[PDB]
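One structure is given below, encoded as structure tokens.
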Amino acid sequence: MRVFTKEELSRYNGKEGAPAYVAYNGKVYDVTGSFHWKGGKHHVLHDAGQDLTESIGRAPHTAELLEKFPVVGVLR
Ligand code: HEM
């Protein structure tokens, strides 16, 4: 379990072989391997490597779906 700053989390953007990580409510999830997040883009509107806590409100789903993915740390 690591502690990520947002600057560090931005590196995990799913591009050029980098893992795709997303933060939600202080926890960082590894969503690499989810075809929804490959390339670090999520259905046009969303970028990997960010805290998307607020962004979930507009999604056609809730944060429950993050549970299938490893928590790799907390966001500063
Ligand atoms: C932005 C408002 C937004 C859209 C649009 C969106 C769509 C979406 C779809 C259509 C799926 C597939 C449904 C399924 O259960 O398989 C999906 C799946 C996941 N999403 Fe999403 N999503 C939007 C936003 C967000 C945000 C802001 C996060 C995280 C903070 C997020 C996360 C996920 C996760 C995790 C899944 C499941 C992936 C998988 O099972 O492989 N989405 N989303």
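Note that these values count all heavy atoms, side chains included, but never hydrogens, waters or copies made by symmetry. Index from 1, following the sequence.
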* Asked: Is there a side-chain contact between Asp47 and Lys41, using heavy atoms and a 4.5 Å cut-off?
  -> yes
* Check: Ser10 side chain, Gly49 main-chain N or O, donor-acceptor pair, under 3.5 Å -> no
* To do: Look at the side chain of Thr53 and the backbone N and O of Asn25, then say whether any donor-acceptor pair between them is shorter than 3.5 Å.
  => yes
* Asked: Listed by chain and number, what are the ring pair (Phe, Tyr, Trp, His ring centres under 6.0 Å) partners of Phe69, not counting sequence neighbours?
  -> none
* Could you walk me through whether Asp51 and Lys6 pass the side chain to side chain contact (heavy atoms under 4.5 Å, CB included) test, one step at a time? => CA-CA 8 Å; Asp51 177 14; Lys6 281 185 169 160; 4.0 Å; yes
* Nearest 0.5 Å please: distance from the OG1 atom of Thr5 over to the CZ atom of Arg11. => 7.0 Å
* Structure fact -> All heavy atoms of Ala48 vs all of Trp37, minimum pair found to be N-CZ3, 3.6 Å
* Structure fact -> Nearest heavy-atom contact between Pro19 and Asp30 is CB-OD1, 4.5 Å
* **Nearest-0.5 Å distance, CZ of residue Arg76 to CD of residue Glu7** => 7.0 Å
* **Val22 reachable from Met1 in the ILVMFWY side-chain graph, under 4.5 Å edges** => yes
* Asked: Looking at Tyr21 and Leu9, what are the two nearest heavy atoms and their distance?
  -> CB-CD1, 3.8 Å
* Structure fact -> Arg2 and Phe4 have their tightest heavy-atom pair at NH1-CZ, 3.2 Å
* To do: Could you please spell out the steps behind the side chain to side chain contact (heavy atoms under 4.5 Å, CB included) verdict for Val31 and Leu66?
  => CA-CA 8 Å; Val31 290; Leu66 282 165; 4.3 Å; yes
* To do: Output yes when a side-chain donor or acceptor of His42 lies under 3.5 Å from a complementary backbone atom of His36, and no otherwise.
  => yes
* To do: Flag yes if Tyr24 and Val71 sit in one hydrophobic cluster, no otherwise; membership is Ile, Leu, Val, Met, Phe, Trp, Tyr, and two members link when side-chain heavy atoms are under 4.5 Å apart.
  => yes
* Structure fact -> In this structure, CG of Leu75 is separated from CD of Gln50 (nearest 0.5 Å) by 11.0 Å
